[PDB]
Amino acid sequence: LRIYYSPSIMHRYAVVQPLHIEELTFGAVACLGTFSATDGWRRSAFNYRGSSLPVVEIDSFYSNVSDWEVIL
Amino acid sequence: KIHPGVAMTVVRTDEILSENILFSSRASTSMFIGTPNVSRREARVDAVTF
Amino acid sequence: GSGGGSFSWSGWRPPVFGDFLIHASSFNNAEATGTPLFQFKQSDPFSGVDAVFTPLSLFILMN
Amino acid sequence: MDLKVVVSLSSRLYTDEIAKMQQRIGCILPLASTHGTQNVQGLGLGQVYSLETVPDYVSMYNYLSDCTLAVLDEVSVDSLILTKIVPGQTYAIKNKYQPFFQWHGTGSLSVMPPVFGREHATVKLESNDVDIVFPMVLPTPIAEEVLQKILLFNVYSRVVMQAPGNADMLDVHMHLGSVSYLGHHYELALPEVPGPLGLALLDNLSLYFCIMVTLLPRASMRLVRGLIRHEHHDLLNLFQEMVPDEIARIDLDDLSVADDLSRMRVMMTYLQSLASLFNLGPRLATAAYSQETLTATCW
């Protein structure tokens, strides 16, 4: 997640914005649970009022929430 | 395209698909067979694996 | 009398359920039935209704 | 429900190695794939830890946190029977390690790459030309202590690369490579050059540190100055009657409770993030233990 957000922090924290005590915090990560590996993601159309959306669907989910963890 | 000072040898490896024949003489191996088993595991929320 | 001795089912745990009360406009009535949800705490004391969002309403809220 | 894995060897192993492995009954080890039939390659911590290669420990922690863990159950001439450890079970487990440390039964155990030694931890199988490496388990405090030892040795071997004299690296070797347990000292094998993934971890440490260092509360600095000037505590043993020069420069501003309070809030929000990173390993909680049996009921 650090290297996946590296370009966005590089752009945002940059010349565009300086620092201040309450602005340092950047991202939050929370877990939603476990899912059977090697199945993957089925790609499905979700149709409303004659308009579609591409949606990833995950079978056999196991819900388990976690606290928020601060990333910067 | 002037010949350099030295000569060279060139080596390569080649693969050939081939349909083989296998003969076996009679009664060359004794085999012991066991009873098959069936177990269950990976109980997950919608499925079971056996 | 015969049952009860399984003593588990591979550690099977029945699902815990949660029941929310929503306004009629906040959560669109048509949804995918497997969408992830999010409850936002409010400020009013001794409240009786609480908000909910899906990733789509969460998108619309952040513009 | 049923947890069992048989690992099939292609060719039978000799008497010497069957004896060496039968000494090894009751061993925690990672295998890669969760199936009833496993090949001999995916077994053990070997394929990442090589004889010719420089030892990198963080990569082995990384490999082990992902590979499923199993307990050695039975050793045969052709087949190895090992039980699998599912996340949601209770397991009676046995302790016989050679670098043994005493166990409370109170605190969770942890698994780590074999930092102590390579030779006494390995088993070679020249019948099938493969090497098996057993990782090392420890109670959590000594685990975190060894991890800190290793990372600080990485940094200081890097820094003293450009330093004057041998006496300095000799001081570094004292009380960094050595773990001092009651009645003994133990020598961790340490890399001469740590280059992979030492950076990738210490850099995140440095990011967290440089973020936290801006938002310190000053009241704590003023308190420490006063206390090291007047009283003497075992936690204050480090600072002699001398007080550091950074604090004398940072303190001078007055105190406002609102700003210190908000700084404390943010610093807590980051400390909980820092706590998650130190583990880098599987933690097995223990509930009960018998010293006469060297047997725990881990969880």
# chains A, B, ... in the order shown; residues from 1 in each chain; ligands from 1

call {"tool": "residues_around", "arguments": {"residues": "residue 58 (chain C)", "least_positions_apart": "3", "cutoff": "12 Å", "atoms": "only C-alpha atoms", "output": "ChimeraX atom specification"}}
result
/C:26-27,36-40,51-55,61-63

call {"tool": "write_last_selection", "arguments": {"atoms": "N, CA and C atoms", "output": "short mmCIF file (atom, residue, chain, number, x, y, z; two decimals), in the first residue's frame"}}
result
data_model
loop_
_atom_site.label_atom_id
_atom_site.label_comp_id
_atom_site.auth_asym_id
_atom_site.auth_seq_id
_atom_site.Cartn_x
_atom_site.Cartn_y
_atom_site.Cartn_z
N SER C 26 -32.01 7.75 1.94
CA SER C 26 -30.57 7.63 2.06
C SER C 26 -30.05 6.39 1.35
N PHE C 27 -30.66 5.25 1.63
CA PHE C 27 -30.27 3.97 1.04
C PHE C 27 -31.23 3.63 -0.09
N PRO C 36 -21.17 -4.06 0.55
CA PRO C 36 -20.69 -3.69 1.88
C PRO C 36 -21.31 -2.39 2.35
N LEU C 37 -21.57 -2.32 3.64
CA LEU C 37 -22.29 -1.20 4.24
C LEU C 37 -21.40 -0.51 5.26
N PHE C 38 -21.79 0.72 5.61
CA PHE C 38 -21.03 1.49 6.57
C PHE C 38 -21.96 2.38 7.38
N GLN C 39 -21.85 2.31 8.70
CA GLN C 39 -22.64 3.13 9.60
C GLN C 39 -21.81 4.31 10.06
N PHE C 40 -22.38 5.51 9.95
CA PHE C 40 -21.72 6.72 10.40
C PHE C 40 -22.35 7.19 11.69
N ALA C 51 -27.48 6.42 10.45
CA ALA C 51 -27.27 6.47 9.01
C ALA C 51 -26.55 5.22 8.52
N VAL C 52 -26.64 5.00 7.21
CA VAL C 52 -25.90 3.93 6.56
C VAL C 52 -25.54 4.39 5.15
N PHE C 53 -24.48 3.82 4.61
CA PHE C 53 -24.05 4.13 3.26
C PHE C 53 -23.52 2.87 2.61
N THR C 54 -23.62 2.85 1.29
CA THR C 54 -22.96 1.90 0.43
C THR C 54 -21.85 2.61 -0.31
N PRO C 55 -20.94 1.88 -0.97
CA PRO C 55 -19.84 2.56 -1.67
C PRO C 55 -20.31 3.57 -2.70
N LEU C 61 -21.33 11.23 -1.70
CA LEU C 61 -21.16 12.14 -0.58
C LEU C 61 -19.86 12.92 -0.71
N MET C 62 -18.79 12.26 -1.15
CA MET C 62 -17.49 12.90 -1.31
C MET C 62 -17.37 13.67 -2.62
N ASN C 63 -18.41 13.65 -3.45
CA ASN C 63 -18.42 14.34 -4.74
C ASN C 63 -17.26 13.91 -5.63
#

call {"tool": "closest_atom_pairs", "arguments": {"of": "chain C", "to": "chain B", "cutoff": "10 Å", "atoms": "only C-alpha atoms", "output": "tab-separated table"}}
result
residue	atom	partner	partner_atom	distance
C:9	CA	B:43	CA	8.4
C:10	CA	B:43	CA	6.8
C:11	CA	B:43	CA	9.1
C:12	CA	B:43	CA	8.4
C:13	CA	B:45	CA	9.9

call {"tool": "select_by_dssp", "arguments": {"residues": "region 32-265 of chain D", "states": "strand (DSSP E or B)", "output": "CSV table (one decimal) with N, CA and C atoms, in the first residue's frame"}}
result
chain,number,residue,atom,x,y,z
D,37,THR,N,-1.2,-34.4,-0.3
D,37,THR,CA,0.1,-34.9,-0.9
D,37,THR,C,1.0,-33.7,-1.2
D,38,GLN,N,2.1,-33.6,-0.6
D,38,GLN,CA,3.1,-32.5,-0.8
D,38,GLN,C,4.4,-33.1,-1.3
D,43,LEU,N,8.5,-28.4,1.0
D,43,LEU,CA,8.6,-28.6,2.4
D,43,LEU,C,9.8,-27.7,3.0
D,68,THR,N,2.0,-22.0,5.2
D,68,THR,CA,1.2,-22.6,6.2
D,68,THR,C,2.2,-23.4,7.2
D,69,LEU,N,1.8,-23.4,8.4
D,69,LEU,CA,2.6,-24.1,9.4
D,69,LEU,C,2.1,-25.4,9.8
D,70,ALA,N,3.0,-26.4,10.0
D,70,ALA,CA,2.6,-27.8,10.4
D,70,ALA,C,3.5,-28.3,11.4
D,71,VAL,N,3.1,-29.3,12.1
D,71,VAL,CA,3.8,-30.0,13.2
D,71,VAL,C,4.2,-31.4,12.7
D,72,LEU,N,5.5,-31.7,12.9
D,72,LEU,CA,6.0,-33.0,12.5
D,72,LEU,C,5.3,-34.1,13.4
D,73,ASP,N,4.7,-35.1,12.8
D,73,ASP,CA,4.0,-36.1,13.5
D,73,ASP,C,4.6,-37.5,13.3
D,74,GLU,N,5.2,-37.8,12.2
D,74,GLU,CA,5.7,-39.2,12.0
D,74,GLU,C,6.8,-39.2,10.9
D,75,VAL,N,7.8,-39.9,11.1
D,75,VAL,CA,9.0,-40.0,10.2
D,75,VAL,C,9.1,-41.4,9.7
D,79,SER,N,8.0,-41.7,3.7
D,79,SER,CA,6.9,-40.7,3.8
D,79,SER,C,7.0,-39.9,5.1
D,80,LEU,N,6.7,-38.6,5.1
D,80,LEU,CA,6.7,-37.8,6.3
D,80,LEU,C,5.3,-37.4,6.6
D,81,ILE,N,4.8,-37.7,7.8
D,81,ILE,CA,3.4,-37.3,8.1
D,81,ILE,C,3.4,-36.1,9.0
D,82,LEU,N,2.8,-35.1,8.6
D,82,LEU,CA,2.7,-33.8,9.4
D,82,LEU,C,1.3,-33.3,9.5
D,83,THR,N,0.9,-32.9,10.7
D,83,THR,CA,-0.4,-32.3,10.9
D,83,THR,C,-0.4,-30.8,10.6
D,84,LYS,N,-1.5,-30.3,10.1
D,84,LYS,CA,-1.6,-28.9,9.6
D,84,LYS,C,-2.2,-28.1,10.8
D,91,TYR,N,-4.0,-26.7,20.0
D,91,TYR,CA,-3.0,-27.7,19.7
D,91,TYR,C,-2.1,-28.0,20.9
D,92,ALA,N,-2.0,-29.2,21.3
D,92,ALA,CA,-1.0,-29.7,22.2
D,92,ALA,C,0.3,-29.7,21.5
D,93,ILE,N,1.3,-29.0,22.0
D,93,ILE,CA,2.6,-28.8,21.3
D,93,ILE,C,3.7,-29.1,22.2
D,94,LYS,N,4.9,-29.6,21.6
D,94,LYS,CA,6.0,-30.1,22.4
D,94,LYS,C,7.2,-29.3,22.1
D,109,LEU,N,3.9,-17.6,21.8
D,109,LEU,CA,5.2,-17.9,21.1
D,109,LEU,C,5.2,-17.2,19.7
D,110,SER,N,6.4,-17.2,19.1
D,110,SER,CA,6.6,-16.7,17.8
D,110,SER,C,7.6,-17.5,17.1
D,111,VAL,N,7.5,-17.5,15.7
D,111,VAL,CA,8.4,-18.3,14.8
D,111,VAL,C,9.3,-17.3,14.1
D,112,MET,N,10.5,-17.8,13.8
D,112,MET,CA,11.5,-16.9,13.2
D,112,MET,C,12.5,-17.8,12.5
D,122,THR,N,19.9,-27.5,10.6
D,122,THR,CA,19.6,-28.0,9.3
D,122,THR,C,19.6,-29.6,9.4
D,123,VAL,N,19.0,-30.2,8.4
D,123,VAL,CA,19.1,-31.6,8.1
D,123,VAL,C,19.3,-31.8,6.6
D,124,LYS,N,20.3,-32.4,6.2
D,124,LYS,CA,20.6,-32.7,4.8
D,124,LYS,C,20.0,-34.1,4.5
D,125,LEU,N,19.5,-34.2,3.2
D,125,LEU,CA,19.0,-35.5,2.7
D,125,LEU,C,19.7,-35.7,1.4
D,130,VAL,N,18.2,-32.9,-1.0
D,130,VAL,CA,17.5,-31.7,-0.6
D,130,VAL,C,17.8,-31.4,0.8
D,131,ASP,N,17.8,-30.1,1.2
D,131,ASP,CA,18.1,-29.7,2.5
D,131,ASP,C,16.8,-29.1,3.2
D,132,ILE,N,16.6,-29.6,4.4
D,132,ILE,CA,15.5,-29.1,5.2
D,132,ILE,C,16.0,-28.2,6.4
D,133,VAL,N,15.3,-27.1,6.6
D,133,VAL,CA,15.7,-26.2,7.6
D,133,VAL,C,14.5,-26.0,8.6
D,136,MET,N,13.0,-21.5,14.1
D,136,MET,CA,13.1,-21.5,15.6
D,136,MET,C,11.9,-20.7,16.2
D,137,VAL,N,11.4,-21.3,17.3
D,137,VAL,CA,10.3,-20.6,18.0
D,137,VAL,C,10.8,-20.2,19.3
D,138,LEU,N,10.3,-19.0,19.8
D,138,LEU,CA,10.7,-18.4,21.0
D,138,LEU,C,9.5,-17.7,21.7
D,139,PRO,N,9.5,-17.6,23.0
D,139,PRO,CA,8.5,-16.7,23.6
D,139,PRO,C,8.7,-15.3,23.1
D,178,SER,N,24.9,-10.8,20.4
D,178,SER,CA,24.8,-11.8,21.5
D,178,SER,C,23.5,-11.5,22.3
D,179,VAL,N,22.8,-12.6,22.5
D,179,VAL,CA,21.6,-12.6,23.4
D,179,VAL,C,22.0,-13.2,24.7
D,180,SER,N,21.8,-12.5,25.8
D,180,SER,CA,22.2,-13.0,27.1
D,180,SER,C,21.0,-13.5,27.9
D,181,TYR,N,20.9,-14.8,28.0
D,181,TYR,CA,19.8,-15.4,28.8
D,181,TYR,C,20.4,-15.9,30.1
D,184,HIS,N,23.6,-18.1,30.4
D,184,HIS,CA,24.4,-18.3,29.2
D,184,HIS,C,24.3,-17.0,28.3
D,185,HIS,N,25.2,-17.0,27.3
D,185,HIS,CA,25.2,-16.1,26.2
D,185,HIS,C,25.0,-17.0,24.9
D,186,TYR,N,24.3,-16.4,23.9
D,186,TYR,CA,24.0,-17.1,22.7
D,186,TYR,C,24.4,-16.2,21.5
D,187,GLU,N,25.1,-16.8,20.5
D,187,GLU,CA,25.7,-16.1,19.4
D,187,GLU,C,24.7,-16.1,18.2

call {"tool": "interface_residues", "arguments": {"of": "chain A", "to": "chain B", "cutoff": "12 Å", "atoms": "only C-alpha atoms", "output": "number ranges by chain"}}
result
A: 34-37, 58-63

call {"tool": "write_last_selection", "arguments": {"atoms": "N, CA, C and O atoms", "output": "short mmCIF file (atom, residue, chain, number, x, y, z; two decimals), in the first residue's frame"}}
result
data_model
loop_
_atom_site.label_atom_id
_atom_site.label_comp_id
_atom_site.auth_asym_id
_atom_site.auth_seq_id
_atom_site.Cartn_x
_atom_site.Cartn_y
_atom_site.Cartn_z
N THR A 34 -11.83 -12.35 5.40
CA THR A 34 -11.09 -13.36 4.66
C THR A 34 -11.98 -13.98 3.60
O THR A 34 -13.19 -14.14 3.80
N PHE A 35 -11.38 -14.32 2.47
CA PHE A 35 -12.09 -14.97 1.38
C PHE A 35 -11.20 -16.06 0.81
O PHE A 35 -9.97 -15.95 0.82
N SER A 36 -11.84 -17.14 0.35
CA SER A 36 -11.12 -18.29 -0.17
C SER A 36 -10.20 -17.90 -1.31
O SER A 36 -10.66 -17.41 -2.34
N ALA A 37 -8.91 -18.16 -1.15
CA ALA A 37 -7.99 -17.82 -2.22
C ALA A 37 -8.17 -18.78 -3.39
O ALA A 37 -8.84 -19.81 -3.29
N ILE A 58 -17.32 -11.76 -5.13
CA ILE A 58 -16.44 -12.64 -4.37
C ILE A 58 -17.32 -13.61 -3.63
O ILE A 58 -18.17 -13.20 -2.83
N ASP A 59 -17.15 -14.90 -3.91
CA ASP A 59 -17.97 -15.92 -3.29
C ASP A 59 -17.39 -16.32 -1.94
O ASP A 59 -16.23 -16.07 -1.64
N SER A 60 -18.24 -16.93 -1.12
CA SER A 60 -17.81 -17.64 0.08
C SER A 60 -17.13 -16.72 1.09
O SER A 60 -16.19 -17.11 1.78
N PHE A 61 -17.63 -15.50 1.21
CA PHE A 61 -16.96 -14.52 2.06
C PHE A 61 -17.09 -14.89 3.53
O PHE A 61 -17.98 -15.65 3.93
N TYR A 62 -16.17 -14.37 4.34
CA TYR A 62 -16.20 -14.51 5.79
C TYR A 62 -15.94 -13.14 6.39
O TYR A 62 -14.81 -12.66 6.36
N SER A 63 -16.98 -12.53 6.95
CA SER A 63 -16.90 -11.14 7.37
C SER A 63 -16.17 -11.02 8.70
O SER A 63 -16.48 -11.73 9.65
#

call {"tool": "residues_around", "arguments": {"residues": "residue 28 (chain A)", "least_positions_apart": "2", "cutoff": "8 Å", "atoms": "only C-alpha atoms", "output": "list in words"}}
result
residues 26, 30, 68, 69, 70 and 71 of chain A

call {"tool": "interface_residues", "arguments": {"of": "chain D", "to": "chain A", "cutoff": "10 Å", "atoms": "only C-alpha atoms", "output": "number ranges by chain"}}
result
D: 204, 207-208, 211-212, 214-215, 259, 262-263, 266, 269-274, 276

call {"tool": "atom_distance", "arguments": {"atom1": "CA of residue 249 (chain D)", "atom2": "CA of residue 219 (chain D)"}}
result
13.6 Å

call {"tool": "closest_atom_pairs", "arguments": {"of": "chain C", "to": "chain A", "cutoff": "9 Å", "atoms": "only C-alpha atoms", "output": "JSON lines"}}
result
{"residue": "C:30", "atom": "CA", "partner": "A:48", "partner_atom": "CA", "distance": 8.1}
{"residue": "C:32", "atom": "CA", "partner": "A:46", "partner_atom": "CA", "distance": 7.7}
{"residue": "C:34", "atom": "CA", "partner": "A:57", "partner_atom": "CA", "distance": 8.7}

call {"tool": "closest_atom_pairs", "arguments": {"of": "chain D", "to": "chain B", "cutoff": "8 Å", "atoms": "only C-alpha atoms", "output": "CSV"}}
result
residue,atom,partner,partner_atom,distance
D:1,CA,B:41,CA,4.9
D:2,CA,B:41,CA,5.6
D:3,CA,B:41,CA,7.4

call {"tool": "write_last_selection", "arguments": {"atoms": "N, CA and C atoms", "output": "compact mmCIF listing (two decimals), in the first residue's frame"}}
result
# COMPACT_ATOMS: atom_id res chain seq x y z
N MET D 1 -11.65 -29.87 9.07
CA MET D 1 -12.05 -30.80 10.12
C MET D 1 -10.97 -31.83 10.38
N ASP D 2 -10.58 -32.55 9.34
CA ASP D 2 -9.49 -33.52 9.41
C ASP D 2 -8.23 -32.86 8.90
N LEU D 3 -7.20 -32.81 9.74
CA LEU D 3 -5.98 -32.08 9.44
C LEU D 3 -4.82 -33.06 9.36

call {"tool": "atom_distance", "arguments": {"atom1": "CA of residue 177 (chain D)", "atom2": "CA of residue 105 (chain D)"}}
result
27.1 Å

call {"tool": "decode", "arguments": {"residues": "region 29-68 of chain D", "atoms": "N, CA and C atoms", "output": "short mmCIF file (atom, residue, chain, number, x, y, z; two decimals), in the first residue's frame"}}
result
data_model
loop_
_atom_site.label_atom_id
_atom_site.label_comp_id
_atom_site.auth_asym_id
_atom_site.auth_seq_id
_atom_site.Cartn_x
_atom_site.Cartn_y
_atom_site.Cartn_z
N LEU D 29 7.24 -26.52 11.31
CA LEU D 29 7.89 -26.16 10.06
C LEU D 29 6.85 -25.69 9.06
N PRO D 30 7.20 -24.77 8.18
CA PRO D 30 6.26 -24.34 7.15
C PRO D 30 6.29 -25.19 5.90
N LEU D 31 5.12 -25.53 5.38
CA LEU D 31 4.98 -26.02 4.03
C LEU D 31 4.15 -25.02 3.23
N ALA D 32 4.31 -25.07 1.91
CA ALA D 32 3.77 -24.03 1.06
C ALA D 32 2.32 -24.31 0.66
N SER D 33 1.98 -25.56 0.39
CA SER D 33 0.69 -25.88 -0.20
C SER D 33 -0.14 -26.72 0.76
N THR D 34 -1.44 -26.43 0.81
CA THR D 34 -2.35 -27.09 1.75
C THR D 34 -3.08 -28.21 1.03
N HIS D 35 -2.42 -29.37 0.96
CA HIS D 35 -3.01 -30.55 0.35
C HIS D 35 -2.52 -31.79 1.08
N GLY D 36 -3.19 -32.91 0.83
CA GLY D 36 -2.82 -34.14 1.49
C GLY D 36 -1.50 -34.70 1.00
N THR D 37 -1.16 -34.43 -0.26
CA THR D 37 0.08 -34.90 -0.86
C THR D 37 0.96 -33.69 -1.19
N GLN D 38 2.12 -33.62 -0.56
CA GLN D 38 3.06 -32.53 -0.77
C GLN D 38 4.39 -33.09 -1.26
N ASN D 39 5.01 -32.36 -2.17
CA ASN D 39 6.33 -32.75 -2.65
C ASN D 39 7.39 -32.32 -1.65
N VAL D 40 8.59 -32.89 -1.80
CA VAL D 40 9.67 -32.63 -0.87
C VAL D 40 10.34 -31.29 -1.09
N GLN D 41 10.10 -30.65 -2.23
CA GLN D 41 10.69 -29.34 -2.47
C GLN D 41 10.00 -28.26 -1.66
N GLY D 42 8.66 -28.19 -1.73
CA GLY D 42 7.92 -27.17 -1.02
C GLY D 42 7.99 -27.29 0.49
N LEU D 43 8.49 -28.41 0.99
CA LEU D 43 8.65 -28.60 2.42
C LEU D 43 9.76 -27.71 2.97
N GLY D 44 9.61 -27.33 4.23
CA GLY D 44 10.69 -26.72 4.98
C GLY D 44 11.03 -25.30 4.58
N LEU D 45 11.94 -24.68 5.32
CA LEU D 45 12.43 -23.33 5.03
C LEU D 45 13.69 -23.35 4.17
N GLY D 46 13.93 -24.44 3.44
CA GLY D 46 15.20 -24.56 2.74
C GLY D 46 15.29 -23.67 1.51
N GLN D 47 14.29 -23.76 0.62
CA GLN D 47 14.46 -23.25 -0.74
C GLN D 47 14.71 -21.75 -0.78
N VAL D 48 14.44 -21.03 0.31
CA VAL D 48 14.82 -19.62 0.36
C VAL D 48 16.18 -19.43 1.03
N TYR D 49 16.60 -20.35 1.89
CA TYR D 49 17.85 -20.21 2.64
C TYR D 49 18.87 -21.17 2.04
N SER D 50 19.89 -20.62 1.40
CA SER D 50 20.85 -21.39 0.64
C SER D 50 22.22 -21.34 1.31
N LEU D 51 23.02 -22.39 1.07
CA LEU D 51 24.34 -22.46 1.68
C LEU D 51 25.28 -21.40 1.13
N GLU D 52 25.25 -21.18 -0.19
CA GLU D 52 26.18 -20.25 -0.81
C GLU D 52 25.80 -18.79 -0.58
N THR D 53 24.56 -18.52 -0.21
CA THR D 53 24.02 -17.16 -0.23
C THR D 53 24.17 -16.46 1.11
N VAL D 54 24.26 -15.13 1.03
CA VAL D 54 24.31 -14.29 2.23
C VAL D 54 22.97 -14.40 2.95
N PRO D 55 22.96 -14.57 4.27
CA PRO D 55 21.68 -14.74 4.98
C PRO D 55 20.94 -13.41 5.10
N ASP D 56 19.70 -13.40 4.62
CA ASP D 56 18.78 -12.29 4.81
C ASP D 56 17.62 -12.79 5.66
N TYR D 57 17.41 -12.15 6.81
CA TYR D 57 16.45 -12.68 7.77
C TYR D 57 15.05 -12.14 7.54
N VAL D 58 14.93 -10.87 7.15
CA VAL D 58 13.60 -10.31 6.94
C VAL D 58 12.88 -11.03 5.81
N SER D 59 13.60 -11.42 4.76
CA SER D 59 12.94 -12.16 3.69
C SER D 59 12.44 -13.51 4.17
N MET D 60 13.15 -14.13 5.11
CA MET D 60 12.69 -15.42 5.62
C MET D 60 11.48 -15.26 6.53
N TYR D 61 11.47 -14.22 7.37
CA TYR D 61 10.24 -13.87 8.08
C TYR D 61 9.10 -13.68 7.10
N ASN D 62 9.37 -12.99 5.99
CA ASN D 62 8.35 -12.72 5.00
C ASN D 62 7.81 -14.01 4.39
N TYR D 63 8.71 -14.92 4.03
CA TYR D 63 8.29 -16.19 3.45
C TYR D 63 7.51 -17.02 4.47
N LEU D 64 7.92 -16.97 5.73
CA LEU D 64 7.31 -17.83 6.74
C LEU D 64 5.94 -17.32 7.16
N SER D 65 5.74 -16.00 7.20
CA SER D 65 4.43 -15.48 7.59
C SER D 65 3.36 -15.89 6.60
N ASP D 66 3.75 -16.23 5.37
CA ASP D 66 2.79 -16.61 4.35
C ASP D 66 2.63 -18.12 4.20
N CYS D 67 3.67 -18.89 4.48
CA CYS D 67 3.58 -20.34 4.31
C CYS D 67 2.87 -20.99 5.49
N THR D 68 2.03 -21.98 5.19
CA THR D 68 1.24 -22.59 6.24
C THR D 68 2.15 -23.39 7.17
#
